[PDB]
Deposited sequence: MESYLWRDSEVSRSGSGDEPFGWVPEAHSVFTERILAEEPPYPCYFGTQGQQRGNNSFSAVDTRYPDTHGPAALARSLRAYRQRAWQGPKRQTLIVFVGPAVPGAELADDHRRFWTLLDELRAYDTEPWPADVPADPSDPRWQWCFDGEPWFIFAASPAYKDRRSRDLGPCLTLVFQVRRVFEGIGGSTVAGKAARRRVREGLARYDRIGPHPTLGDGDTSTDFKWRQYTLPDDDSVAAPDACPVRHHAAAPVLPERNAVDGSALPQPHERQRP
C-alpha cells in the first residue's frame, strides 16, 4: 500500500530508492499550507492538514510498472473508501517525481492529463451513469471507482498563481464530492467560504482568481493557466 497518513510518509523511501524524494516533498507541501503569514489561501486545506485529514501517495516516474499508475489506482480505491468514512473534509495529495528541473507549466499539465488517462485503464468500476463520459460534454468530470472527483494539478511552474505551487513536483490533489457538502455555491456557508478563500488569494497570488472558477467545463479548473487565458471548452486533452 502506497496510501499514507502523515506519520507513514517517512517510510515511503529513503535516499535514491523509489519514493526517496517523497518525504521532502511532503515537508515542503505541509510548510506551504501551514504557513502563518501570509496564510495559505485555502483555509480548508490548512485545516485538513492540521486535523490529520490529508492522506498522501506518489508516482515515481522512474518505475512505472511498480510505482506508477497501476499502484496509484490501488491507492485511489483505498483512499476513496477512507474518504467516505469519518471527516467529510479529507484530501489525497499525490506527488509525481522525481522533480524535473526547468519543467514548464504546459509540460506538467501534459503529464497530469497523461496520468489521468493511464488511470482509466486500471479502473475496476464502470463510469458513473450520472456523469457524461464524453470530455467535450459540458457536464463531464473525471470519474474513477464509480464516482466523479474533484482534482487539480499543482506545479512549481505556477509563478503568478503561487497558491498552486505546492513544491518541486507536479502534485495532484484529489477529493470526493463529499468534501463540498454544506458549502455548495447557493448556500450561505458556501458564499462565505468563497469570500474567505478569495480574500486569501488577494494577499498571496500575483494573479487573481481565474474566470473559469466563476459550472460547465469543470475540466478547465483542473489545469488552470498561470494567466487570464481561457481554454476552448471542447478542448479537454483527455
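Visitor: Taking the deposited sequence as numbered from 1, list the residue ranges that were left without C-alpha coordinates.
Guide: Those stretches are 1-2, 217-221, 246-274, listed in order.
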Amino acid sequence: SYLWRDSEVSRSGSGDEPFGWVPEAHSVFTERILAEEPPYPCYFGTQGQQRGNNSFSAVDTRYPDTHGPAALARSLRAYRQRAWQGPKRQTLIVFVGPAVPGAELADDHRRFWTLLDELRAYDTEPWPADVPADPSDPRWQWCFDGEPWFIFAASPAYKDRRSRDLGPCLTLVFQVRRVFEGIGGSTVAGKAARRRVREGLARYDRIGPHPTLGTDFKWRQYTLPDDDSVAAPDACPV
From here on, numbers count along this sequence of modelled residues.
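Visitor: Would 173-181 or 34-42 have the larger average of its C-alpha temperature factors, as given in the entry?
Guide: The stretch with the larger mean CA B-factor is 34-42.
Visitor: So 96-104 or 136-144, which one's hotter by mean CA B-factor in the entry?
Guide: Between 136-144 and 96-104, it is 96-104 that shows the higher mean C-alpha B-factor.
Visitor: Compare the CA B factors listed in the entry for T212, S27, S57, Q49 and report the winner.
Guide: Most elevated C-alpha B-factor of the set, per the entry: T212.
Visitor: Among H109, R77, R162, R120, where is the Cα B factor highest in this entry?
Guide: Highest C-alpha B-factor among the listed residues goes to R120.
Visitor: According to the PDB entry, is the CA B factor of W127 in the bottom, middle or top third of its chain, that is, lowest, middle or highest?
Guide: It belongs to the highest third of the chain when residues are ordered by C-alpha B-factor.
Visitor: How does the C-alpha B factor of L116 compare with the rest of the chain: lowest, middle or highest third?
Guide: It falls in the top third of the chain.
Visitor: State the tercile, meaning the lowest, middle or highest third, of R198 with respect to the CA B-factors recorded for its chain.
Guide: Lowest third, going by the recorded CA B-factors of the chain.
Visitor: Is the Cα B-factor recorded for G86 in the lowest, middle or highest third of its chain?
Guide: As the PDB entry reports it, the C-alpha B-factor of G86 lands in the highest third of its chain.
Visitor: Quick check for you: using the entry's CA B-factors within this chain, is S229 in the lowest, middle or highest third?
Guide: For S229, whose C-alpha B-factor we compare with every modelled residue in the chain, the answer is the middle third.
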